[PDB]
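One chain follows as structure tokens, the form deposited in one PDB entry.
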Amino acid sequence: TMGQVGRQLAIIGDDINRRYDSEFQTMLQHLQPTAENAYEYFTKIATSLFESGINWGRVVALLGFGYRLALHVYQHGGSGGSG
């Protein structure tokens, strides 16, 4: 049927999701309440990751978490207060 490549990529994604379940679950545990808190935290993880050395895949994974942070703020953004 149509979309064999997309399905293959969907299968590969499901496998990655399956094998690294804990790694993705860890991404849901550092959500930030505001854009400023997300930019701060995104910077801290990015800085740590680059200090450990990076490859193309690591930059892609970093941006994956970044969109997880952005999506949380974009749908459920707070307004400071907790400090």
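Sequential numbering from 1, following the sequence displayed. Take the two forms, superpose them, and find the largest set of C-alpha atoms that agree within 1.5 Å; that set is the rigid core.
The same protein also has a form deposited in another entry, omitted here; what follows describes it.
- Core-superposed comparison between the shown form and the other one: the Cα of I16 travels 2 Å or more.
- Once both forms are overlaid on the rigid core, the distance between the two CA positions of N55 between the shown form and the other one is under 2 angstroms.
- Comparing the forms between the shown form and the other one on their rigid core, the Cα displacement of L31 reaches 2 Å or more.
- Cα-Cα spacing of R19 to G66 is reduced in the other entry versus the present form (difference of at least 3 Å).
- Whereas the shown form places them at one spacing, the Cα atoms of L69 and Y20 lie at least 3 Å closer in the other entry.
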